[PDB]
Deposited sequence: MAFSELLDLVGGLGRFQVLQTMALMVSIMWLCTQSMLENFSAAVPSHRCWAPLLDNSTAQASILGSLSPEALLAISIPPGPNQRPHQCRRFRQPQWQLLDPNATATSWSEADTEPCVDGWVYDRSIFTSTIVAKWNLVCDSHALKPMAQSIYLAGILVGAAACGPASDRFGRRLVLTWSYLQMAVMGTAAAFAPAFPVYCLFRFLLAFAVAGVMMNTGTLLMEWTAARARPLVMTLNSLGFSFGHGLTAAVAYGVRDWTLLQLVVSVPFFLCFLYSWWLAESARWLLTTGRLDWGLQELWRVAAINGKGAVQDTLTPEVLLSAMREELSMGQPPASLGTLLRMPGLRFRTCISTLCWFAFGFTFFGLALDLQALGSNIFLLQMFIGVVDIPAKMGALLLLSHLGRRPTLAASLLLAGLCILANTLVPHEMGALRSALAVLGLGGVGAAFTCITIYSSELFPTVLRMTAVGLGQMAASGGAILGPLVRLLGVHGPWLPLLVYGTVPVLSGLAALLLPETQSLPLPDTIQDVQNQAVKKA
């Protein structure tokens, strides 16, 4: 007996599936808020050295001559790039001669400057407080922000590496519930963190739980949803990220203190943990692992919730044990040791890498459209939505492989086409970038579904976990390839364009799905391979 007939008996569509889909989409939305928080909480405000004559009322009172704040700024801080105050240098002594209109802006020497010994004054008009303002992550410490992002993404990688095998061994509900609890507690502790390294530690452990939530949410959605409804529910889950982006912009717009923002974003996950006790674990995994009694209890619970109580008399434990007795009659190394699965795993991980690579590769044009980070994040979410819906329709009509390939090809072609557009002729760059990012979102929906369908239940979470680590590896490598950008302006765009085209071409080397039974066992994958011949 396959799981599909058991699901049809219990009712593979109903109030249970709707409630689980909405609850998990809401949790994915808040997880997105946790993921982009550092886009906002670690924004770098405009800053200058602290200067006595500007910022110490007592030193201002010692001047018998009134000066305007602009004059005090000119005399206290050298002009930096774009005629703004220099972010990293001050005058050792105030150069009052620079207020005289008969003076060139170069009438001073580097010997007249010293570092900001007394710290920095941050502009608080937009953000009341940031981690950058809290720990002075500017100038010499400017590298700590992308370092914090790299630590977070390494947390995602380690989370995927641990939570994959843990999900395969212990079950999806248990790992999901603990991931919600760990994320909620550690994120609250991050909100109350005294020092930046402690903040980085809590952010790493939060990202570990973020990986656990993302994987187990996707797994539960595919395993409880009937095959006909599976694309729609997975698309809704993928739209959860785009709505999470819009929610992120709205919440950060209302609460501009990073501590309060971290708290407001962490508190809903305690409620998510509390209702997450109500979620059903995957019946399919329970059946393939021989845990018939627990699988039965969960199937009866879902049948009761679906109003199909009359199926209780036909589902006896003897019939189920006999049916799995007939069907029956892990470690990443198992995935890499089995020849038919090795190639599929490698190509899936390559497509995940291409996703992570392409997002940060194309994320430079969005900067050209304007300034309000809240509006820009919202517009990213808004344009990400119809691309995902179109992807879902093409996934329903054309299947998983050509839609994924077309999305990766479109992304790579958009970045390469962006290479030929002159820098002066803007807006065309923005249009191509928005279409590109929409294609990347479509590619994300395609690769999440197709990766979830390619691998058998016993190995599915380990393979999805490996994919997620590869995606985080790409995300980590992106910015560093921008550091490779110093060795000529064409190298980063060439790499960011070549990775997704090559990944889409490699993605064409995959077996077509959407009309195959979902693989429960490794043996199911072999039967698909023999049928492919």
query	finding
Deposited-sequence stretches lacking C-alpha coordinates, listed in sequence order	330-334
